[PDB]
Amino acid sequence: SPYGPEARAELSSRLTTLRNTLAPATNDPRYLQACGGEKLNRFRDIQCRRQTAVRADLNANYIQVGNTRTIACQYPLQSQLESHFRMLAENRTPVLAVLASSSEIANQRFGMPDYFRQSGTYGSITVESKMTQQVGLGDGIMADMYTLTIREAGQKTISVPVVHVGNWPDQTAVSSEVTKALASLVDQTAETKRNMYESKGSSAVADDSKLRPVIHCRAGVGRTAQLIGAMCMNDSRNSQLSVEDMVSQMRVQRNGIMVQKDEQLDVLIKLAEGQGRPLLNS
């Protein structure tokens, strides 16, 4: 079987060789380095590929797999918040999907600010949050939805819709069913906001560095990548993209940890198998 153990075995030696090869070296020129003392990375070993970096002071990357464009990033640190909101607005973010649980956010030791469920002022910017709906995606997983209104004097006000999956534990894989259900909710939400921009004649709709969904969990490599992988798979234009290319592209464009657990990989393999999609190149 193309999805047999032998094949999944081949898939692993490949991705594994790639993970070892991309592990950051001290002052690695392939990765963005923090400066002036301020901390850049949340996890010293989960770094940000310099070439595809969105901003110099955020750990966050522009990702494209096949034809799917997104921005995967780390849960911002308290200090990175003003820039993080700038990246949101100028990207004219169609949808912010946050995959970090409320209990991780609630744990004050983890240093994960509640930037999206509460109003605030971050430097020049002013944010306002408004909860809208709650969608059940299956297996007891819920997604709460907000709208963030970002304002900064002299800039045009931007609204961003957020889909927060509040109960997906770090280091785990939600099921293929919950997974595709979430990929859909994210696309639909993005497609509705993009259309609002389109019906308005914004230039951002023409620019391919803008209007990309932003997605992050805590580290931005596991839960964030399981979702990126599924969004790629429901884009019809991504036909014949193997699981090997998909994963290789996420790793070369952010870091080697992309698709952190082997079970998150497994869900990606199940969705593929169900599409008759290929695992291995050649």
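Sequential numbering from 1, following the sequence displayed.
Worksheet item: Which has higher Cα B-factors on average according to the PDB entry: 8 to 16 or 260 to 268?
Response: On average, C-alpha B-factors are higher across 8 to 16.
Item to complete: Between 43 to 51 and 58 to 66, name whichever shows the higher mean Cα B factor according to the PDB entry.
Response: Between 43 to 51 and 58 to 66, it is 43 to 51.
Worksheet item: Going by the deposited entry, which of 181, 163, 174, 204 has the highest CA temperature factor?
Response: Of the options given, 204 has the highest CA B-factor in the PDB entry.
Worksheet item: Per the entry, which of 227, 32, 247, 35 tops the list for Cα B factor?
Response: 35 has the highest C-alpha B-factor of those listed.
Item to complete: Among all modelled residues of this chain, ranked by Cα B factor, put residue 85 in the bottom, middle or top third, i.e. lowest, middle or highest.
Response: Middle third - that is where residue 85 ends up once the chain's C-alpha B-factors are sorted.
Worksheet item: What third of the chain, by the recorded C-alpha B-factor, contains residue 126?
Response: Top third by C-alpha B-factor.
Item to complete: Rank-wise, by C-alpha B-factor, drop residue 135 into the lowest, middle or highest third of its chain.
Response: Its C-alpha B-factor, which the entry lists for residue 135, ranks in the middle third among residues of this chain.
Worksheet item: Comparing residue 79 with the other modelled residues of its chain, is its CA B-factor in the lowest, middle or highest third?
Response: For residue 79, the deposited C-alpha B-factor lands in the highest third.
Practice prompt. Report the third (lowest, middle or highest) to which the CA temperature factor of residue 168 belongs, ranking only the modelled residues of the same chain.
Written response: Its C-alpha B-factor, which the entry lists for residue 168, ranks in the middle third among residues of this chain.
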